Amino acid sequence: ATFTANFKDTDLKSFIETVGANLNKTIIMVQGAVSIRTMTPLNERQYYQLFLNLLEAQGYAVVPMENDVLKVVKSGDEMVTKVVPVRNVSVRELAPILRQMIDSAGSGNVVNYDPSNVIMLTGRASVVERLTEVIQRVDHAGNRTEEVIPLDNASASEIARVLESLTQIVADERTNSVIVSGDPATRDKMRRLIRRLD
């Protein structure tokens, strides 16, 4: 089950009523406007999270109460939301640098982390673009292809040091091999250098 949000200067009240009916929550109330475009479809947790994020920005907060009830109370520029799945790396490993990113961004941008290991981004398209660039880059970097290269003569831990000292490479003392990891270009290079020290 997936939800969408496309609002453009929609009266805050109307937004809250719309979201409550979608979520099967009673809403008790507050003034303002709201704009937001969902770049990806959101599940119910993410939709509800968006709702909280837009309310927080306008200066409001939610109080969940008896029997599925939510009381609203006082607390490039396009406002967008996006959910970025992360495939190779734990999402909280990105947290410190995503926080750094937002301290340059300015206000009204929010990164949310899901225990299913996806990050949700709410804010200005430019800020969201930057945050996506970084998530994806770190994600892709954690999925480098690995390759074992056996050594006939040299000691694996020496070659591990010597090249790790002047630069990933790891030794296997048991089988006396080196495990190099990177892209076709960088492994080609390392394969050759290792071969010459044999």
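Don't overthink the numbering: it's just position in the shown sequence, from 1.
**Student:** For the stretch from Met65 to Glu66, please bin the deposited residues that the model skips: none, 1 to 3, 4 to 9, or 10 or more.
**Tutor:** Per the record, no deposited residues are absent between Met65 and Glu66.
**Student:** Select one of none, 1 to 3, 4 to 9, or 10 or more to describe the deposited residues without coordinates separating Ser104 and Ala105.
**Tutor:** Going from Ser104 to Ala105, the model skips no residues of the deposited sequence.
**Student:** Please compare 37 to 45 with 125 to 133 and name the stretch with the higher mean C-alpha B-factor in the deposited structure.
**Tutor:** Averaged over C-alpha atoms, the B-factors run higher in 37 to 45.
**Student:** Take the C-alpha B-factors listed in the entry for 156 to 164 and for 56 to 64, compute each mean, and give the stretch with the larger one.
**Tutor:** Stretch with the higher mean C-alpha B-factor: 156 to 164.
**Student:** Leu50's Cα B-factor: lowest, middle or highest third of the chain?
**Tutor:** Lowest third.
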